[PDB]
file my_file12.tsv (TSV, N, CA and C atoms)
chain	number	residue	atom	x	y	z
A	1	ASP	N	-16.49	0.46	-9.29
A	1	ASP	CA	-16.91	-0.81	-8.62
A	1	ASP	C	-15.69	-1.75	-8.54
A	2	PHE	N	-15.31	-2.32	-9.69
A	2	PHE	CA	-14.14	-3.18	-9.79
A	2	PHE	C	-12.92	-2.41	-9.29
A	3	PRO	N	-11.93	-3.08	-8.67
A	3	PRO	CA	-11.93	-4.50	-8.37
A	3	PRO	C	-12.49	-4.83	-6.98
A	4	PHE	N	-13.25	-3.91	-6.37
A	4	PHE	CA	-13.96	-4.25	-5.13
A	4	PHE	C	-15.14	-5.19	-5.47
A	5	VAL	N	-15.69	-5.85	-4.45
A	5	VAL	CA	-16.70	-6.89	-4.62
A	5	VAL	C	-16.04	-8.09	-5.31
B	13	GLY	N	-3.84	-15.94	-27.96
B	13	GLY	CA	-3.15	-14.97	-27.11
B	13	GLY	C	-3.18	-15.42	-25.66
B	14	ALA	N	-2.79	-14.55	-24.76
B	14	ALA	CA	-2.60	-14.94	-23.34
B	14	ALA	C	-3.90	-15.45	-22.72
B	15	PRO	N	-5.09	-14.85	-22.97
B	15	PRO	CA	-6.30	-15.42	-22.39
B	15	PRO	C	-6.57	-16.85	-22.87
B	16	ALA	N	-6.42	-17.10	-24.15
B	16	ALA	CA	-6.62	-18.45	-24.67
B	16	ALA	C	-5.63	-19.39	-23.99
B	17	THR	N	-4.36	-18.96	-23.88
B	17	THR	CA	-3.35	-19.84	-23.34
B	17	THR	C	-3.65	-20.21	-21.88
B	18	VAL	N	-4.05	-19.27	-21.04
B	18	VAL	CA	-4.36	-19.65	-19.66
B	18	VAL	C	-5.64	-20.48	-19.60
B	19	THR	N	-6.61	-20.24	-20.49
B	19	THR	CA	-7.81	-21.06	-20.56
B	19	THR	C	-7.44	-22.53	-20.80
B	20	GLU	N	-6.52	-22.78	-21.72
B	20	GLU	CA	-6.25	-24.12	-22.18
B	20	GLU	C	-5.09	-24.76	-21.43
B	21	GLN	N	-4.21	-24.01	-20.80
B	21	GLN	CA	-2.94	-24.49	-20.27
B	21	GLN	C	-2.78	-24.10	-18.81
B	22	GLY	N	-3.78	-23.49	-18.17
B	22	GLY	CA	-3.69	-23.06	-16.78
B	22	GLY	C	-3.91	-24.19	-15.80
B	23	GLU	N	-3.49	-23.95	-14.57
B	23	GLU	CA	-3.71	-24.91	-13.51
B	23	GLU	C	-4.87	-24.47	-12.63
B	24	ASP	N	-5.73	-25.43	-12.33
B	24	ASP	CA	-6.85	-25.17	-11.43
B	24	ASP	C	-6.35	-25.00	-10.00
B	25	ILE	N	-6.57	-23.85	-9.39
B	25	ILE	CA	-6.11	-23.56	-8.03
B	25	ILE	C	-7.30	-23.50	-7.09
B	26	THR	N	-8.50	-23.85	-7.54
B	26	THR	CA	-9.65	-23.87	-6.62
B	26	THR	C	-9.60	-25.07	-5.68
B	27	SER	N	-10.11	-24.85	-4.45
B	27	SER	CA	-10.27	-25.98	-3.48
B	27	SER	C	-11.33	-26.97	-3.97
B	28	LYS	N	-12.33	-26.48	-4.67
B	28	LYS	CA	-13.39	-27.36	-5.18
B	28	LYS	C	-12.97	-28.15	-6.42
B	29	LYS	N	-11.88	-27.78	-7.08
B	29	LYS	CA	-11.41	-28.37	-8.32
B	29	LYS	C	-12.51	-28.30	-9.38
B	30	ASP	N	-13.06	-27.13	-9.53
B	30	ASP	CA	-14.18	-26.90	-10.48
B	30	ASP	C	-13.71	-26.10	-11.69
B	31	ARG	N	-12.34	-25.90	-11.87
B	31	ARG	CA	-11.73	-25.06	-12.95
B	31	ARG	C	-12.25	-23.60	-12.93
B	32	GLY	N	-12.72	-23.07	-11.84
B	32	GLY	CA	-13.25	-21.70	-11.81
B	32	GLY	C	-12.17	-20.64	-11.82
B	33	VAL	N	-10.96	-21.01	-11.40
B	33	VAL	CA	-9.82	-20.10	-11.38
B	33	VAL	C	-8.63	-20.91	-11.88
B	34	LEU	N	-8.09	-20.54	-13.04
B	34	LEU	CA	-6.91	-21.16	-13.61
B	34	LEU	C	-5.76	-20.20	-13.56
B	35	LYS	N	-4.56	-20.71	-13.37
B	35	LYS	CA	-3.35	-19.87	-13.14
B	35	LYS	C	-2.19	-20.36	-13.97
B	36	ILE	N	-1.41	-19.41	-14.51
B	36	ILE	CA	-0.04	-19.68	-15.03
B	36	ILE	C	0.89	-18.71	-14.31
B	37	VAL	N	2.00	-19.23	-13.79
B	37	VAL	CA	3.06	-18.36	-13.25
B	37	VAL	C	3.91	-17.85	-14.42
B	38	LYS	N	3.94	-16.54	-14.64
B	38	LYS	CA	4.71	-15.92	-15.74
B	38	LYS	C	6.09	-15.52	-15.28
B	39	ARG	N	6.24	-14.97	-14.08
B	39	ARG	CA	7.56	-14.61	-13.52
B	39	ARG	C	7.62	-15.19	-12.14
B	40	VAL	N	8.58	-16.07	-11.85
B	40	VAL	CA	8.78	-16.63	-10.58
B	40	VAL	C	9.23	-15.57	-9.57
B	41	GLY	N	8.61	-15.62	-8.40
B	41	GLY	CA	8.95	-14.62	-7.33
B	41	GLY	C	10.00	-15.14	-6.39
B	42	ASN	N	10.01	-14.54	-5.21
B	42	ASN	CA	11.16	-14.66	-4.30
B	42	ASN	C	10.84	-15.61	-3.14
B	43	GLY	N	11.74	-16.55	-2.92
B	43	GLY	CA	11.69	-17.55	-1.86
B	43	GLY	C	10.43	-18.40	-1.98
B	44	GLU	N	9.92	-18.83	-0.81
B	44	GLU	CA	8.85	-19.79	-0.74
B	44	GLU	C	7.60	-19.19	-0.07
B	45	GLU	N	7.66	-18.05	0.60
B	45	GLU	CA	6.53	-17.64	1.43
B	45	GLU	C	5.47	-16.92	0.59
B	46	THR	N	4.23	-17.26	0.86
B	46	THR	CA	3.05	-16.62	0.31
B	46	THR	C	2.43	-15.79	1.42
B	47	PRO	N	1.56	-14.82	1.12
B	47	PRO	CA	0.95	-13.98	2.14
B	47	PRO	C	0.02	-14.80	3.05
B	48	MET	N	-0.27	-14.26	4.20
B	48	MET	CA	-1.28	-14.94	5.04
B	48	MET	C	-2.53	-14.09	5.12
B	49	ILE	N	-3.59	-14.79	5.51
B	49	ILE	CA	-4.90	-14.20	5.65
B	49	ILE	C	-4.81	-12.93	6.50
B	50	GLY	N	-5.43	-11.86	6.01
B	50	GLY	CA	-5.42	-10.59	6.67
B	50	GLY	C	-4.25	-9.71	6.32
B	51	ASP	N	-3.23	-10.20	5.65
B	51	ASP	CA	-2.11	-9.34	5.25
B	51	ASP	C	-2.57	-8.25	4.30
B	52	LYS	N	-1.91	-7.11	4.42
B	52	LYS	CA	-2.00	-6.06	3.40
B	52	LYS	C	-1.18	-6.50	2.20
B	53	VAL	N	-1.83	-6.66	1.06
B	53	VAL	CA	-1.16	-7.09	-0.18
B	53	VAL	C	-1.23	-5.90	-1.13
B	54	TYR	N	-0.13	-5.71	-1.84
B	54	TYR	CA	0.07	-4.64	-2.84
B	54	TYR	C	0.25	-5.29	-4.19
B	55	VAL	N	-0.69	-4.98	-5.11
B	55	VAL	CA	-0.63	-5.62	-6.43
B	55	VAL	C	-0.68	-4.58	-7.53
B	56	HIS	N	-0.06	-4.93	-8.66
B	56	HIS	CA	-0.38	-4.29	-9.94
B	56	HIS	C	-1.15	-5.26	-10.77
B	57	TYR	N	-2.09	-4.79	-11.55
B	57	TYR	CA	-2.92	-5.68	-12.38
B	57	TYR	C	-3.32	-4.98	-13.66
B	58	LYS	N	-3.67	-5.84	-14.63
B	58	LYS	CA	-4.41	-5.45	-15.84
B	58	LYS	C	-5.52	-6.48	-16.00
B	59	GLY	N	-6.79	-6.05	-16.20
B	59	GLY	CA	-7.94	-6.97	-16.45
B	59	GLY	C	-8.51	-6.83	-17.85
B	60	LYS	N	-8.75	-7.94	-18.59
B	60	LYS	CA	-9.42	-7.95	-19.91
B	60	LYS	C	-10.70	-8.77	-19.88
B	61	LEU	N	-11.70	-8.32	-20.63
B	61	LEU	CA	-12.94	-9.05	-20.84
B	61	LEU	C	-12.76	-10.04	-21.97
B	62	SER	N	-13.73	-10.94	-22.12
B	62	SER	CA	-13.66	-11.97	-23.14
B	62	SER	C	-14.02	-11.40	-24.52
B	63	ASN	N	-14.42	-10.13	-24.61
B	63	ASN	CA	-14.49	-9.41	-25.92
B	63	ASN	C	-13.17	-8.71	-26.29
B	64	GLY	N	-12.12	-8.89	-25.49
B	64	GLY	CA	-10.81	-8.35	-25.78
B	64	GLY	C	-10.61	-6.97	-25.19
B	65	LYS	N	-11.65	-6.33	-24.65
B	65	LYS	CA	-11.51	-4.95	-24.09
B	65	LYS	C	-10.74	-5.02	-22.76
B	66	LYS	N	-9.82	-4.09	-22.52
B	66	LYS	CA	-9.17	-3.88	-21.19
B	66	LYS	C	-10.17	-3.14	-20.31
B	67	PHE	N	-10.55	-3.60	-19.13
B	67	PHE	CA	-11.57	-2.87	-18.31
B	67	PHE	C	-10.95	-2.17	-17.09
B	68	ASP	N	-9.69	-2.47	-16.76
B	68	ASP	CA	-9.05	-1.84	-15.60
B	68	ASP	C	-7.54	-2.08	-15.69
B	69	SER	N	-6.77	-1.13	-15.15
B	69	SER	CA	-5.26	-1.29	-14.97
B	69	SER	C	-4.73	-0.34	-13.91
B	70	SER	N	-4.02	-0.90	-12.94
B	70	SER	CA	-3.41	-0.11	-11.89
B	70	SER	C	-2.19	0.60	-12.46
B	71	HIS	N	-1.45	0.02	-13.41
B	71	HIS	CA	-0.29	0.65	-13.95
B	71	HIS	C	-0.67	2.03	-14.50
B	72	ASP	N	-1.83	2.12	-15.16
B	72	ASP	CA	-2.29	3.36	-15.80
B	72	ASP	C	-2.60	4.42	-14.75
B	73	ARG	N	-2.84	4.02	-13.51
B	73	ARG	CA	-3.14	4.95	-12.37
B	73	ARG	C	-1.86	5.37	-11.64
B	74	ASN	N	-0.74	4.72	-11.95
B	74	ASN	CA	0.53	5.02	-11.29
B	74	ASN	C	0.48	4.76	-9.78
B	75	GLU	N	-0.32	3.78	-9.37
B	75	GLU	CA	-0.34	3.38	-7.94
B	75	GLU	C	-0.84	1.94	-7.91
B	76	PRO	N	-0.32	1.15	-6.97
B	76	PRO	CA	-0.80	-0.22	-6.81
B	76	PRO	C	-2.17	-0.25	-6.15
B	77	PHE	N	-2.87	-1.36	-6.31
B	77	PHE	CA	-4.09	-1.64	-5.58
B	77	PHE	C	-3.71	-2.39	-4.30
B	78	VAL	N	-4.30	-2.01	-3.19
B	78	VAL	CA	-3.94	-2.51	-1.88
B	78	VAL	C	-5.22	-3.05	-1.26
B	79	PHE	N	-5.19	-4.26	-0.73
B	79	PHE	CA	-6.34	-4.81	-0.01
B	79	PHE	C	-5.84	-5.80	1.04
B	80	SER	N	-6.79	-6.20	1.92
B	80	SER	CA	-6.49	-7.19	2.99
B	80	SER	C	-6.88	-8.56	2.47
B	81	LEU	N	-5.90	-9.45	2.42
B	81	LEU	CA	-6.09	-10.78	1.77
B	81	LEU	C	-7.09	-11.63	2.53
B	82	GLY	N	-7.96	-12.31	1.80
B	82	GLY	CA	-8.80	-13.32	2.38
B	82	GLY	C	-9.99	-12.77	3.10
B	83	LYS	N	-10.38	-11.54	2.87
B	83	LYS	CA	-11.48	-10.88	3.61
B	83	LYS	C	-12.65	-10.60	2.70
B	84	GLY	N	-12.66	-11.02	1.45
B	84	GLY	CA	-13.76	-10.78	0.53
B	84	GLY	C	-13.87	-9.32	0.16
B	85	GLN	N	-12.76	-8.59	0.10
B	85	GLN	CA	-12.76	-7.19	-0.28
B	85	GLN	C	-12.69	-7.07	-1.79
B	86	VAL	N	-12.27	-8.14	-2.46
B	86	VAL	CA	-12.07	-8.26	-3.90
B	86	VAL	C	-12.84	-9.53	-4.34
B	87	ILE	N	-12.89	-9.73	-5.65
B	87	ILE	CA	-13.52	-10.96	-6.17
B	87	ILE	C	-12.81	-12.19	-5.61
B	88	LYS	N	-13.55	-13.26	-5.52
B	88	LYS	CA	-13.06	-14.48	-4.97
B	88	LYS	C	-11.78	-14.91	-5.70
B	89	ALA	N	-11.74	-14.82	-7.02
B	89	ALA	CA	-10.57	-15.27	-7.77
B	89	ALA	C	-9.30	-14.57	-7.29
B	90	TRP	N	-9.40	-13.30	-6.93
B	90	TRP	CA	-8.22	-12.58	-6.44
B	90	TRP	C	-7.81	-13.02	-5.04
B	91	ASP	N	-8.77	-13.21	-4.13
B	91	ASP	CA	-8.40	-13.75	-2.81
B	91	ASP	C	-7.73	-15.10	-2.98
B	92	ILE	N	-8.27	-15.99	-3.81
B	92	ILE	CA	-7.69	-17.31	-4.01
B	92	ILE	C	-6.35	-17.19	-4.73
B	93	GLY	N	-6.29	-16.42	-5.79
B	93	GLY	CA	-5.11	-16.36	-6.62
B	93	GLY	C	-3.94	-15.66	-5.93
B	94	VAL	N	-4.17	-14.51	-5.34
B	94	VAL	CA	-3.06	-13.79	-4.68
B	94	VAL	C	-2.51	-14.62	-3.53
B	95	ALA	N	-3.36	-15.41	-2.85
B	95	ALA	CA	-2.89	-16.23	-1.76
B	95	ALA	C	-1.88	-17.26	-2.22
B	96	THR	N	-1.83	-17.62	-3.50
B	96	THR	CA	-0.86	-18.60	-4.03
B	96	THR	C	0.43	-17.95	-4.49
B	97	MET	N	0.58	-16.64	-4.45
B	97	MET	CA	1.70	-15.91	-5.07
B	97	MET	C	2.81	-15.64	-4.07
B	98	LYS	N	4.04	-15.63	-4.59
B	98	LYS	CA	5.20	-15.15	-3.87
B	98	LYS	C	5.45	-13.69	-4.19
B	99	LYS	N	6.15	-13.02	-3.27
B	99	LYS	CA	6.56	-11.63	-3.52
B	99	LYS	C	7.38	-11.61	-4.82
B	100	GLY	N	7.05	-10.65	-5.66
B	100	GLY	CA	7.73	-10.47	-6.95
B	100	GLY	C	7.18	-11.35	-8.05
B	101	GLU	N	6.22	-12.22	-7.78
B	101	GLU	CA	5.65	-13.10	-8.81
B	101	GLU	C	4.74	-12.29	-9.69
B	102	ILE	N	4.70	-12.68	-10.98
B	102	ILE	CA	3.63	-12.24	-11.94
B	102	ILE	C	2.93	-13.50	-12.39
B	103	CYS	N	1.59	-13.47	-12.35
B	103	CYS	CA	0.80	-14.61	-12.86
B	103	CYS	C	-0.30	-14.10	-13.75
B	104	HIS	N	-0.87	-15.06	-14.50
B	104	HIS	CA	-2.14	-14.89	-15.22
B	104	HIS	C	-3.19	-15.71	-14.54
B	105	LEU	N	-4.37	-15.13	-14.39
B	105	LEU	CA	-5.56	-15.78	-13.83
B	105	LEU	C	-6.68	-15.72	-14.83
B	106	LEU	N	-7.40	-16.80	-14.99
B	106	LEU	CA	-8.60	-16.89	-15.82
B	106	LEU	C	-9.75	-17.32	-14.90
B	107	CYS	N	-10.72	-16.41	-14.74
B	107	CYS	CA	-11.70	-16.41	-13.66
B	107	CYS	C	-13.10	-16.61	-14.27
B	108	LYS	N	-13.77	-17.71	-13.94
B	108	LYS	CA	-15.17	-17.85	-14.34
B	108	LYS	C	-16.04	-16.94	-13.49
B	109	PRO	N	-17.28	-16.63	-13.97
B	109	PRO	CA	-18.05	-15.62	-13.26
B	109	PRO	C	-18.40	-15.98	-11.81
B	110	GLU	N	-18.46	-17.26	-11.49
B	110	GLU	CA	-18.75	-17.69	-10.11
B	110	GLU	C	-17.62	-17.29	-9.15
B	111	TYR	N	-16.45	-16.93	-9.67
B	111	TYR	CA	-15.35	-16.45	-8.83
B	111	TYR	C	-15.07	-14.99	-9.14
B	112	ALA	N	-16.01	-14.32	-9.80
B	112	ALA	CA	-15.89	-12.90	-10.16
B	112	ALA	C	-17.21	-12.19	-9.84
B	113	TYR	N	-17.92	-11.67	-10.86
B	113	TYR	CA	-19.09	-10.86	-10.61
B	113	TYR	C	-20.36	-11.59	-10.97
B	114	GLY	N	-20.34	-12.86	-11.29
B	114	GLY	CA	-21.55	-13.67	-11.37
B	114	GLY	C	-22.51	-13.15	-12.41
B	115	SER	N	-23.79	-13.39	-12.17
B	115	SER	CA	-24.87	-12.89	-13.05
B	115	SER	C	-25.05	-11.39	-12.90
B	116	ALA	N	-24.62	-10.76	-11.82
B	116	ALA	CA	-24.86	-9.35	-11.63
B	116	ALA	C	-24.00	-8.54	-12.57
B	117	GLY	N	-22.76	-8.94	-12.83
B	117	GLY	CA	-21.85	-8.02	-13.48
B	117	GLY	C	-21.41	-6.90	-12.58
B	118	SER	N	-20.74	-5.92	-13.19
B	118	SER	CA	-20.24	-4.77	-12.44
B	118	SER	C	-20.09	-3.61	-13.42
B	119	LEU	N	-20.99	-2.64	-13.26
B	119	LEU	CA	-20.93	-1.36	-14.00
B	119	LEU	C	-19.60	-0.64	-13.72
B	120	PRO	N	-19.01	-0.01	-14.76
B	120	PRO	CA	-19.57	0.20	-16.08
B	120	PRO	C	-19.26	-0.88	-17.13
B	121	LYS	N	-18.20	-1.68	-16.97
B	121	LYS	CA	-17.58	-2.44	-18.05
B	121	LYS	C	-17.87	-3.95	-18.01
B	122	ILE	N	-18.22	-4.51	-16.84
B	122	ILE	CA	-18.23	-5.97	-16.72
B	122	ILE	C	-19.66	-6.48	-16.92
B	123	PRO	N	-19.93	-7.22	-17.99
B	123	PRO	CA	-21.28	-7.72	-18.24
B	123	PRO	C	-21.66	-8.84	-17.28
B	124	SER	N	-22.93	-9.22	-17.31
B	124	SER	CA	-23.39	-10.43	-16.66
B	124	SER	C	-22.62	-11.64	-17.19
B	125	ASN	N	-22.37	-12.59	-16.30
B	125	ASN	CA	-21.84	-13.92	-16.66
B	125	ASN	C	-20.49	-13.81	-17.39
B	126	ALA	N	-19.64	-12.93	-16.92
B	126	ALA	CA	-18.36	-12.62	-17.61
B	126	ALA	C	-17.20	-13.47	-17.04
B	127	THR	N	-16.51	-14.16	-17.93
B	127	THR	CA	-15.20	-14.75	-17.66
B	127	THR	C	-14.15	-13.66	-17.83
B	128	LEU	N	-13.26	-13.50	-16.86
B	128	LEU	CA	-12.26	-12.44	-16.81
B	128	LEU	C	-10.84	-12.98	-16.86
B	129	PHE	N	-9.97	-12.22	-17.51
B	129	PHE	CA	-8.53	-12.50	-17.56
B	129	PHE	C	-7.78	-11.41	-16.81
B	130	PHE	N	-6.83	-11.78	-15.96
B	130	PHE	CA	-5.96	-10.84	-15.30
B	130	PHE	C	-4.50	-11.23	-15.42
B	131	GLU	N	-3.64	-10.22	-15.52
B	131	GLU	CA	-2.24	-10.32	-15.22
B	131	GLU	C	-2.01	-9.59	-13.89
B	132	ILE	N	-1.46	-10.27	-12.88
B	132	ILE	CA	-1.29	-9.73	-11.53
B	132	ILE	C	0.17	-9.89	-11.16
B	133	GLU	N	0.72	-8.80	-10.57
B	133	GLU	CA	2.01	-8.79	-9.96
B	133	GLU	C	1.87	-8.54	-8.46
B	134	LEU	N	2.42	-9.46	-7.66
B	134	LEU	CA	2.40	-9.25	-6.21
B	134	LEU	C	3.65	-8.47	-5.82
B	135	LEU	N	3.45	-7.20	-5.52
B	135	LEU	CA	4.60	-6.30	-5.21
B	135	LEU	C	5.14	-6.52	-3.80
B	136	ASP	N	4.23	-6.74	-2.87
B	136	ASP	CA	4.64	-6.85	-1.45
B	136	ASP	C	3.44	-7.34	-0.65
B	137	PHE	N	3.76	-7.85	0.54
B	137	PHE	CA	2.72	-8.24	1.52
B	137	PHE	C	3.27	-7.93	2.92
B	138	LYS	N	2.40	-7.51	3.81
B	138	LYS	CA	2.84	-7.15	5.14
B	138	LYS	C	1.68	-7.50	6.07
B	139	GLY	N	2.03	-8.04	7.24
B	139	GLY	CA	1.11	-8.13	8.34
B	139	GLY	C	0.95	-6.78	8.99
B	140	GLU	N	-0.12	-6.55	9.59
B	140	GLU	CA	-0.44	-5.31	10.28
B	140	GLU	C	-0.38	-5.49	11.79
call {"tool": "encode", "arguments": {"input": "my_file12.tsv", "output": "structure tokens"}}
result
Amino acid sequence: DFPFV
Amino acid sequence: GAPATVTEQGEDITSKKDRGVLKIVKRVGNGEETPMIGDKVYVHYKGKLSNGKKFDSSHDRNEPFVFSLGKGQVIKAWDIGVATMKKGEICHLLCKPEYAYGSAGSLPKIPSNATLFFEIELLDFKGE
């Protein structure tokens, strides 16, 4: 997930 | 340590002046120009949680993280913070959850309502 969103 | 120091000694770089993103410049970069909106930015980073755990590092992957600045592809703190950086700069950012992952968090490592610490190096920026 990180560092997207 | 470094998270405490940026918490207590950082500069507020938010437009709202709400202390949601604090910054210290650790290594001064080159000239005066910062990236512009939509540029491809190349960064190295290390992120720590407020329990002291490291949750991510690009150095450990042997490749930089690349994104388009100002497009909401990353947490708000990174769009705001990287936009203030010069090429070759290293900074510390201290990010409240409203400029990160909020109440949702982010599996696997980032809890709800998490304040995050980053060390970011801006390697390069280019228009497309």
call {"tool": "residues_around", "arguments": {"input": "my_file12.tsv", "residues": "residue 3 (chain A)", "least_positions_apart": "5", "cutoff": "12 Å", "atoms": "only C-alpha atoms", "output": "PyMOL selection string"}}
result
chain B and resi 55-59+67-70+77-79+84-91+112-113+117-122+128+130
call {"tool": "write_last_selection", "arguments": {"input": "my_file12.tsv", "atoms": "N, CA and C atoms", "output": "mmCIF file, keeping the file's coordinate frame"}}
result
data_model
loop_
_atom_site.group_PDB
_atom_site.id
_atom_site.type_symbol
_atom_site.label_atom_id
_atom_site.label_comp_id
_atom_site.auth_asym_id
_atom_site.auth_seq_id
_atom_site.Cartn_x
_atom_site.Cartn_y
_atom_site.Cartn_z
ATOM 1 N N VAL B 55 -0.690 -4.980 -5.110
ATOM 2 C CA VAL B 55 -0.630 -5.620 -6.430
ATOM 3 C C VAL B 55 -0.680 -4.580 -7.530
ATOM 4 N N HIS B 56 -0.060 -4.930 -8.660
ATOM 5 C CA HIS B 56 -0.380 -4.290 -9.940
ATOM 6 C C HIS B 56 -1.150 -5.260 -10.770
ATOM 7 N N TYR B 57 -2.090 -4.790 -11.550
ATOM 8 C CA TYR B 57 -2.920 -5.680 -12.380
ATOM 9 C C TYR B 57 -3.320 -4.980 -13.660
ATOM 10 N N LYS B 58 -3.670 -5.840 -14.630
ATOM 11 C CA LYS B 58 -4.410 -5.450 -15.840
ATOM 12 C C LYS B 58 -5.520 -6.480 -16.000
ATOM 13 N N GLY B 59 -6.790 -6.050 -16.200
ATOM 14 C CA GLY B 59 -7.940 -6.970 -16.450
ATOM 15 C C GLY B 59 -8.510 -6.830 -17.850
ATOM 16 N N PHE B 67 -10.550 -3.600 -19.130
ATOM 17 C CA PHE B 67 -11.570 -2.870 -18.310
ATOM 18 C C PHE B 67 -10.950 -2.170 -17.090
ATOM 19 N N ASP B 68 -9.690 -2.470 -16.760
ATOM 20 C CA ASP B 68 -9.050 -1.840 -15.600
ATOM 21 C C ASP B 68 -7.540 -2.080 -15.690
ATOM 22 N N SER B 69 -6.770 -1.130 -15.150
ATOM 23 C CA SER B 69 -5.260 -1.290 -14.970
ATOM 24 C C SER B 69 -4.730 -0.340 -13.910
ATOM 25 N N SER B 70 -4.020 -0.900 -12.940
ATOM 26 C CA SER B 70 -3.410 -0.110 -11.890
ATOM 27 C C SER B 70 -2.190 0.600 -12.460
ATOM 28 N N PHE B 77 -2.870 -1.360 -6.310
ATOM 29 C CA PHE B 77 -4.090 -1.640 -5.580
ATOM 30 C C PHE B 77 -3.710 -2.390 -4.300
ATOM 31 N N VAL B 78 -4.300 -2.010 -3.190
ATOM 32 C CA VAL B 78 -3.940 -2.510 -1.880
ATOM 33 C C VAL B 78 -5.220 -3.050 -1.260
ATOM 34 N N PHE B 79 -5.190 -4.260 -0.730
ATOM 35 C CA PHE B 79 -6.340 -4.810 -0.010
ATOM 36 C C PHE B 79 -5.840 -5.800 1.040
ATOM 37 N N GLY B 84 -12.660 -11.020 1.450
ATOM 38 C CA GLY B 84 -13.760 -10.780 0.530
ATOM 39 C C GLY B 84 -13.870 -9.320 0.160
ATOM 40 N N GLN B 85 -12.760 -8.590 0.100
ATOM 41 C CA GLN B 85 -12.760 -7.190 -0.280
ATOM 42 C C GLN B 85 -12.690 -7.070 -1.790
ATOM 43 N N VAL B 86 -12.270 -8.140 -2.460
ATOM 44 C CA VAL B 86 -12.070 -8.260 -3.900
ATOM 45 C C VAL B 86 -12.840 -9.530 -4.340
ATOM 46 N N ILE B 87 -12.890 -9.730 -5.650
ATOM 47 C CA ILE B 87 -13.520 -10.960 -6.170
ATOM 48 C C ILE B 87 -12.810 -12.190 -5.610
ATOM 49 N N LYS B 88 -13.550 -13.260 -5.520
ATOM 50 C CA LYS B 88 -13.060 -14.480 -4.970
ATOM 51 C C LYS B 88 -11.780 -14.910 -5.700
ATOM 52 N N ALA B 89 -11.740 -14.820 -7.020
ATOM 53 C CA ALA B 89 -10.570 -15.270 -7.770
ATOM 54 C C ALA B 89 -9.300 -14.570 -7.290
ATOM 55 N N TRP B 90 -9.400 -13.300 -6.930
ATOM 56 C CA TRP B 90 -8.220 -12.580 -6.440
ATOM 57 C C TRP B 90 -7.810 -13.020 -5.040
ATOM 58 N N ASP B 91 -8.770 -13.210 -4.130
ATOM 59 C CA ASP B 91 -8.400 -13.750 -2.810
ATOM 60 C C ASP B 91 -7.730 -15.100 -2.980
ATOM 61 N N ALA B 112 -16.010 -14.320 -9.800
ATOM 62 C CA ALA B 112 -15.890 -12.900 -10.160
ATOM 63 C C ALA B 112 -17.210 -12.190 -9.840
ATOM 64 N N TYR B 113 -17.920 -11.670 -10.860
ATOM 65 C CA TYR B 113 -19.090 -10.860 -10.610
ATOM 66 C C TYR B 113 -20.360 -11.590 -10.970
ATOM 67 N N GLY B 117 -22.760 -8.940 -12.830
ATOM 68 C CA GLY B 117 -21.850 -8.020 -13.480
ATOM 69 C C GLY B 117 -21.410 -6.900 -12.580
ATOM 70 N N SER B 118 -20.740 -5.920 -13.190
ATOM 71 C CA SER B 118 -20.240 -4.770 -12.440
ATOM 72 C C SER B 118 -20.090 -3.610 -13.420
ATOM 73 N N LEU B 119 -20.990 -2.640 -13.260
ATOM 74 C CA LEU B 119 -20.930 -1.360 -14.000
ATOM 75 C C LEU B 119 -19.600 -0.640 -13.720
ATOM 76 N N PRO B 120 -19.010 -0.010 -14.760
ATOM 77 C CA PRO B 120 -19.570 0.200 -16.080
ATOM 78 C C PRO B 120 -19.260 -0.880 -17.130
ATOM 79 N N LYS B 121 -18.200 -1.680 -16.970
ATOM 80 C CA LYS B 121 -17.580 -2.440 -18.050
ATOM 81 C C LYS B 121 -17.870 -3.950 -18.010
ATOM 82 N N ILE B 122 -18.220 -4.510 -16.840
ATOM 83 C CA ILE B 122 -18.230 -5.970 -16.720
ATOM 84 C C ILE B 122 -19.660 -6.480 -16.920
ATOM 85 N N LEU B 128 -13.260 -13.500 -16.860
ATOM 86 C CA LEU B 128 -12.260 -12.440 -16.810
ATOM 87 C C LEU B 128 -10.840 -12.980 -16.860
ATOM 88 N N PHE B 130 -6.830 -11.780 -15.960
ATOM 89 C CA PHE B 130 -5.960 -10.840 -15.300
ATOM 90 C C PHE B 130 -4.500 -11.230 -15.420
#
call {"tool": "select_by_dssp", "arguments": {"input": "my_file12.tsv", "residues": "chain B", "states": "helix (DSSP H, G or I)", "output": "PyMOL selection string"}}
result
chain B and resi 14-21+71-73+88-95+109-111
call {"tool": "closest_residue", "arguments": {"input": "my_file12.tsv", "among": "B:95, B:53, B:135, B:105", "to": "residue 17 (chain B)", "atoms": "only C-alpha atoms"}}
result
B:105
call {"tool": "atom_distance", "arguments": {"input": "my_file12.tsv", "atom1": "CA of residue 64 (chain B)", "atom2": "CA of residue 82 (chain B)"}}
result
28.7 Å
call {"tool": "atom_distance", "arguments": {"input": "my_file12.tsv", "atom1": "CA of residue 106 (chain B)", "atom2": "atom N of residue 41 (chain B)"}}
result
18.8 Å
call {"tool": "closest_residue", "arguments": {"input": "my_file12.tsv", "among": "B:111, B:126, B:100, B:62", "to": "chain A", "atoms": "all atoms listed in the file"}}
result
B:111
call {"tool": "residues_around", "arguments": {"input": "my_file12.tsv", "residues": "residue 101 (chain B)", "least_positions_apart": "2", "cutoff": "7 Å", "atoms": "all atoms listed in the file", "output": "PyMOL selection string"}}
result
chain B and resi 38-42+97-99+103+132-135
call {"tool": "atom_distance", "arguments": {"input": "my_file12.tsv", "atom1": "atom C of residue 137 (chain B)", "atom2": "atom C of residue 52 (chain B)"}}
result
4.7 Å
call {"tool": "select_by_dssp", "arguments": {"input": "my_file12.tsv", "residues": "chain B", "states": "strand (DSSP E)", "output": "ChimeraX atom specification"}}
result
/B:23-24,33-39,52-60,66-69,77-80,102-107,128-138
call {"tool": "closest_residue", "arguments": {"input": "my_file12.tsv", "among": "B:26, B:21, B:63, B:80", "to": "residue 4 (chain A)", "atoms": "only C-alpha atoms"}}
result
B:80
